[PDB]
Number of protein chains: 2
Amino acid sequence: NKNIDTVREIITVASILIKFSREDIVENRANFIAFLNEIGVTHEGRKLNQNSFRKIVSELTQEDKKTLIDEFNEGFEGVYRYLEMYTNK
Amino acid sequence: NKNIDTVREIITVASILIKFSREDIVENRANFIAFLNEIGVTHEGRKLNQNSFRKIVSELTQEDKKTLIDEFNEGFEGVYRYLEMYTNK
């Protein structure tokens, strides 16, 4: 629906790669975007574009992030340092 | 939010698993539920249970399934064969 929904399922997904200890895929946004289209993570039901990716992950409000922090306590903490930093453009 | 939302992020995560050729996890609902508790797919802001898992996948409407067909073109073709057959109880 909005931005969080998509970040949400890419949080789980990239924590798979963290679970398997393949943080290298996570370590670059573009490689990861490609990876996104490949395994089929969509935004608003559409394919996920390079610019429109960066706006989803980065431009979130504090609210959206608190909502992730509340539901994905330990999970988002770690992987959201990773996801944030690797798309510090 | 609703059942579809749940299946949605769990879909992409299991296409990760078949990307890595780890269909052993996908091949049974229970192993998958365990893995759901691992990576942290939380449904209605709550922990995902064995019975509550089977509802999310099963009770979907034809419209909900068609919704995933339309939004997750490539992915739900593949993984939703797999996902559906392995939880025909």
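Refer to the structure printed above.
Residues numbered from 1 in each chain as written, not as in the entry; some residues may be left out. Chains lettered and ligands numbered in written order. Heavy atoms only, no water. Residues with missing side-chain atoms left out of burial classes, pairs and counts.

K.L.:
Describe the overall build of chain A, with residues and values.
P.N.:
The helix and strand tally for chain A stands at 6 helices and 0 strands. Across chain A, helices and strands are ordered from the amino to the carboxyl terminus as α-α-α-α-α-α. Against the globule reference of 12 Å for 89 residues, chain A gives a C-alpha radius of gyration of 12 Å, in line with a compact fold. Oriented by its inertia axes, the alpha-carbon framework of chain A measures out at about 30 × 30 × 25 Å. In chain A, the proportion of contacts linking residues at least 24 apart, taken out of those at least 6 apart, comes to 62%. (Helix = DSSP H or I, 4+ residues; strand = E, 2+ residues; numbered from the N terminus. Rg over C-alpha atoms; globule rule 2.2 N^0.38 Å. Contact = heavy atoms within 4.5 Å.)

K.L.:
Tell me about the packing of helix α1 (residues 4-19) of chain A against helix α1 (residues 3-19) of chain B, residues and numbers included.
P.N.:
Their axes nearest at 9 Å, the elements α1 of chain A and α1 of chain B cross at an angle of 30 degrees. Classified by the interaxial angle, the pair formed by α1 of chain A and α1 of chain B is roughly parallel. Crossing of α1 of chain A over α1 of chain B shows right-handed handedness. Within the contact between the two elements, α1 of chain A uses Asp5, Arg8, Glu9, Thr12, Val13, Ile16 and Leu17 of chain A and α1 of chain B uses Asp5, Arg8, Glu9, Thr12, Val13, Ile16 and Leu17 of chain B. Broken down by class, the residue content of the contact of α1 of chain A with α1 of chain B amounts to 6 nonpolar, 2 polar and 6 charged. (Axes fitted to C-alpha atoms, helices over the stretch in contact; angles between N-to-C directions. Parallel < 35°, antiparallel > 145°, perpendicular 65-115°, else oblique. Left-handed = near helix turned anticlockwise from the far one by under 90°. Nonpolar A, V, L, I, M, F, W, Y, C, P; charged D, E, K, R; others polar.)

K.L.:
Provide a residue-level description of the nonpolar core, including the pertinent values.
P.N.:
Among the nonpolar cores identified, the biggest contains 53 residues, and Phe32 and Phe53 of chain A together with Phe32 of chain B are the most heavily contacted of them. Those elements giving two or more residues to this core turn out to be α1, α3 (29-39), α4 (50-58) and α6 (73-85) of chain A together with α1, α2 (29-39), α3 (50-58) and α5 (73-85) of chain B. If sequence neighbours within four positions are ignored, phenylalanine 53 of chain A has contacts with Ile10, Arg29, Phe32, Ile33, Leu36 and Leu48 of chain A. (Core = buried A, V, L, I, M, F, W, Y, C linked by side-chain atoms within 4.5 Å. Buried < 20%, exposed > 50% of the residue type's maximum accessible area, 1.4 Å probe, protein only.)

K.L.:
How would you summarise unusual backbone geometry if you had to cite specific residues and measurements?
P.N.:
Most peptide bonds are trans, and most residues other than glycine sit at a negative phi. Phi is positive for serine 21 of chain A, which is not a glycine, with a value near 65 degrees. In this fold, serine 21 of chain A is placed in the loop between α1 and α2 (23-26).

K.L.:
Talk me through the relation of the copies chain A and chain B; I want residue IDs and the actual numbers.
P.N.:
Expressed as a screw transformation, the operator carrying chain A onto chain B has a rotation angle of 177 degrees and an axial translation of 0.3 Å, and the superposed copies differ by an RMSD of 0.5 Å. Here the transformation between the copies is reduced to the relation of a two-fold axis. Mapped onto chain B, 90% of the interface residues of chain A are again interface residues, and the two copies thus contact each other with one and the same surface. (Least-squares fit on C-alpha atoms.)

Any functional reading would require information that these geometric values do not contain.
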